[PDB]
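Chemist: Here you go, this is query-v7.cif (mmCIF, C-alpha atoms).
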data_upload
#
loop_
_atom_site.group_PDB
_atom_site.id
_atom_site.type_symbol
_atom_site.label_atom_id
_atom_site.label_comp_id
_atom_site.auth_asym_id
_atom_site.auth_seq_id
_atom_site.Cartn_x
_atom_site.Cartn_y
_atom_site.Cartn_z
ATOM 1 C CA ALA C 252 122.767 -64.018 263.482
ATOM 2 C CA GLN C 253 120.414 -61.094 262.868
ATOM 3 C CA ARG C 254 120.315 -57.371 263.478
ATOM 4 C CA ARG C 255 117.287 -58.205 265.636
ATOM 5 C CA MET C 256 119.387 -60.592 267.705
ATOM 6 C CA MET C 257 122.254 -58.068 267.855
ATOM 7 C CA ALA C 258 119.894 -55.397 269.224
ATOM 8 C CA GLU C 259 119.358 -57.639 272.298
ATOM 9 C CA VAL C 260 123.009 -57.993 273.437
ATOM 10 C CA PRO C 261 122.776 -54.782 275.568
ATOM 11 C CA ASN C 262 120.288 -56.635 277.810
ATOM 12 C CA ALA C 263 122.643 -59.559 278.523
ATOM 13 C CA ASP C 264 124.009 -60.263 281.978
ATOM 14 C CA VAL C 265 127.119 -62.051 280.645
ATOM 15 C CA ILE C 266 128.742 -63.311 277.439
ATOM 16 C CA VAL C 267 130.278 -66.771 277.784
ATOM 17 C CA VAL C 268 132.894 -67.258 275.110
ATOM 18 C CA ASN C 269 135.316 -69.536 273.346
ATOM 19 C CA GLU C 271 136.469 -71.236 265.514
ATOM 20 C CA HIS C 272 134.903 -68.817 268.008
ATOM 21 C CA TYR C 273 131.800 -69.063 270.201
ATOM 22 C CA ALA C 274 129.820 -66.390 272.074
ATOM 23 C CA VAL C 275 126.498 -66.777 273.887
ATOM 24 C CA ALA C 276 124.790 -63.756 275.459
ATOM 25 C CA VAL C 277 123.004 -65.010 278.591
ATOM 26 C CA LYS C 278 120.239 -63.265 280.564
ATOM 27 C CA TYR C 279 118.666 -64.096 283.937
ATOM 28 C CA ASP C 280 115.250 -62.487 284.402
ATOM 29 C CA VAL C 281 113.258 -64.488 286.920
ATOM 30 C CA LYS C 282 110.010 -62.655 286.238
ATOM 31 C CA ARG C 283 110.134 -64.521 282.899
ATOM 32 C CA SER C 284 111.972 -67.803 283.565
ATOM 33 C CA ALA C 285 113.482 -69.779 286.405
ATOM 34 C CA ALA C 286 116.493 -70.605 284.209
ATOM 35 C CA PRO C 287 118.833 -68.188 282.381
ATOM 36 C CA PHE C 288 118.069 -67.838 278.699
ATOM 37 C CA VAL C 289 120.098 -67.070 275.583
ATOM 38 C CA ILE C 290 119.232 -63.747 273.910
ATOM 39 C CA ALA C 291 122.038 -63.749 271.319
ATOM 40 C CA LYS C 292 124.494 -66.312 269.985
ATOM 41 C CA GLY C 293 126.934 -66.683 267.115
ATOM 42 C CA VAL C 294 130.145 -68.254 266.029
ATOM 43 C CA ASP C 295 133.294 -66.807 264.531
ATOM 44 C CA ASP C 296 132.713 -63.262 263.262
ATOM 45 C CA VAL C 297 129.205 -63.018 264.695
ATOM 46 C CA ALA C 298 130.758 -64.076 267.999
ATOM 47 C CA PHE C 299 133.147 -61.106 267.807
ATOM 48 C CA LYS C 300 130.305 -58.695 266.953
ATOM 49 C CA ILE C 301 128.457 -59.903 270.062
ATOM 50 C CA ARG C 302 131.623 -59.425 272.108
ATOM 51 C CA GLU C 303 132.273 -55.921 270.760
ATOM 52 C CA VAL C 304 128.701 -54.820 271.631
ATOM 53 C CA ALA C 305 128.971 -56.388 275.075
ATOM 54 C CA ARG C 306 132.226 -54.521 275.747
ATOM 55 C CA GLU C 307 130.695 -51.276 274.515
ATOM 56 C CA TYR C 308 127.907 -51.793 277.116
ATOM 57 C CA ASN C 309 130.287 -52.940 279.907
ATOM 58 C CA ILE C 310 128.781 -56.427 279.909
ATOM 59 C CA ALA C 311 131.079 -59.021 281.486
ATOM 60 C CA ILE C 312 132.667 -61.396 278.977
ATOM 61 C CA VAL C 313 134.040 -64.581 280.526
ATOM 62 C CA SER C 314 135.938 -67.431 278.891
ATOM 63 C CA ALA C 315 134.779 -70.929 279.832
ATOM 64 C CA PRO C 316 135.149 -72.814 276.501
ATOM 65 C CA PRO C 317 133.190 -76.017 277.278
ATOM 66 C CA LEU C 318 130.314 -74.024 278.794
ATOM 67 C CA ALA C 319 130.169 -71.556 275.892
ATOM 68 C CA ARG C 320 130.064 -74.483 273.430
ATOM 69 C CA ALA C 321 127.573 -76.552 275.443
ATOM 70 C CA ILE C 322 125.217 -73.567 275.743
ATOM 71 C CA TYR C 323 125.473 -72.749 272.030
ATOM 72 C CA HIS C 324 124.768 -76.356 270.969
ATOM 73 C CA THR C 325 121.824 -76.919 273.339
ATOM 74 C CA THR C 326 119.960 -73.571 273.554
ATOM 75 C CA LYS C 327 118.205 -71.732 270.719
ATOM 76 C CA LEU C 328 117.642 -67.977 270.789
ATOM 77 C CA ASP C 329 115.217 -66.892 273.524
ATOM 78 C CA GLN C 330 115.285 -70.396 275.062
ATOM 79 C CA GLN C 331 116.287 -71.438 278.583
ATOM 80 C CA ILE C 332 119.560 -73.325 278.955
ATOM 81 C CA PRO C 333 119.161 -77.043 279.754
ATOM 82 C CA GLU C 334 118.822 -77.961 283.393
ATOM 83 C CA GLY C 335 122.184 -79.752 283.268
ATOM 84 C CA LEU C 336 123.902 -76.357 282.790
ATOM 85 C CA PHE C 337 121.991 -74.358 285.399
ATOM 86 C CA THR C 338 124.458 -74.578 288.285
ATOM 87 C CA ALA C 339 127.441 -73.780 286.060
ATOM 88 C CA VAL C 340 125.715 -70.719 284.555
ATOM 89 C CA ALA C 341 124.373 -69.677 287.967
ATOM 90 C CA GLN C 342 127.915 -69.692 289.326
ATOM 91 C CA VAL C 343 129.167 -67.614 286.394
ATOM 92 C CA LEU C 344 126.275 -65.216 287.075
ATOM 93 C CA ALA C 345 127.166 -65.021 290.781
ATOM 94 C CA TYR C 346 130.730 -64.033 289.877
ATOM 95 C CA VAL C 347 129.457 -61.418 287.427
ATOM 96 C CA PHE C 348 127.005 -59.953 289.962
ATOM 97 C CA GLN C 349 129.729 -59.831 292.643
ATOM 98 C CA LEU C 350 132.201 -57.834 290.494
ATOM 99 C CA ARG C 351 133.275 -54.443 291.779
ATOM 100 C CA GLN C 352 132.389 -51.397 289.819
ATOM 101 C CA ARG C 359 140.585 -56.343 277.528
ATOM 102 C CA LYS C 360 140.582 -60.100 277.179
ATOM 103 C CA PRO C 361 137.720 -62.223 278.543
ATOM 104 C CA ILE C 362 137.920 -63.275 282.181
ATOM 105 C CA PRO C 363 138.988 -66.942 282.392
ATOM 106 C CA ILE C 364 136.684 -68.729 284.830
ATOM 107 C CA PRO C 365 137.381 -72.358 285.741
ATOM 108 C CA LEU C 366 134.362 -74.612 285.693
ATOM 109 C CA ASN C 367 133.611 -76.258 289.003
ATOM 110 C CA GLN C 368 132.361 -79.584 287.653
ATOM 111 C CA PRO C 369 132.197 -81.359 284.298
ATOM 112 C CA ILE C 370 129.746 -80.454 281.620
ATOM 113 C CA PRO C 371 127.448 -83.500 281.307
ATOM 114 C CA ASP C 372 128.349 -85.988 278.592
ATOM 115 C CA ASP C 373 124.933 -85.688 276.982
ATOM 116 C CA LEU C 374 125.530 -81.962 276.356
ATOM 117 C CA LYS C 375 129.077 -82.558 274.957
ATOM 118 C CA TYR C 376 130.838 -84.251 272.011
ATOM 119 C CA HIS C 377 128.946 -82.208 269.437
ATOM 120 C CA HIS C 378 131.756 -82.569 266.850
ATOM 121 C CA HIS C 379 133.114 -85.939 267.978
ATOM 122 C CA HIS C 380 133.370 -88.923 265.595
ATOM 123 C CA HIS C 381 132.019 -91.950 267.452
ATOM 124 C CA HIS C 382 133.298 -95.308 266.240
#
Just give me the structure of the file as structure tokens.
Modeler:
Amino acid sequence: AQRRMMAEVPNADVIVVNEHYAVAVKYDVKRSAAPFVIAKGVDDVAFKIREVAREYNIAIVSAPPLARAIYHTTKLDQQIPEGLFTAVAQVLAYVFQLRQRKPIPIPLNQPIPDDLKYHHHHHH
């Protein structure tokens, strides 16, 4: 949650959002096979990421379990875990296929893996 992180949000391909979550995701294959997180924050920092993204016409999409799973499993400048690739790649496909405001609700097409979930859950 830095000015240095906030300066990177203009380079995002998408913000996955939804106590508030926002993760700014980039796909740049000359650097990494998997998308990577270039900004992330919760609550107010999440809304500052969103406001910058909207200023720069960067798609913001609501998929709450994906937003949370990315945030919990991916540090800044790190690739998302392999278990989230297909879900993020399908969000990216939708973003890239948009034609030339609340976030766009996108249904997930499969579950988020158990091992990337239950971050706040009290196990017995």
Chemist: Give me the residues near region 335-346 of chain C as an NGL selection string, where near means some atom within 12 Å (using only C-alpha atoms) and where sequence neighbours in that chain fewer than 6 positions away do not count.
Modeler: :C and (263-268 or 275-280 or 285-289 or 310-315 or 317-326 or 362-375)
Chemist: Looking at only C-alpha atoms, which of C:292, C:316, C:284, C:361 is the one that sits closest to residue 254 (chain C)?
Modeler: C:292
Chemist: Written as an MDAnalysis selection string, what is the full residue list that the PyMOL selection byres ((chain C and resi 300) around 12) yields on the file shown?
Modeler: chainID C and resid 252:254 256:258 260 266 272:276 291:299 301:307
Chemist: Check the smallest atom-to-atom distance from each of C:329, C:309, C:380, C:255 to residue 290 (chain C) using all atoms listed in the file, then report the winner.
Modeler: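 Of all the options, C:329 lies closest to residue 290 (chain C).
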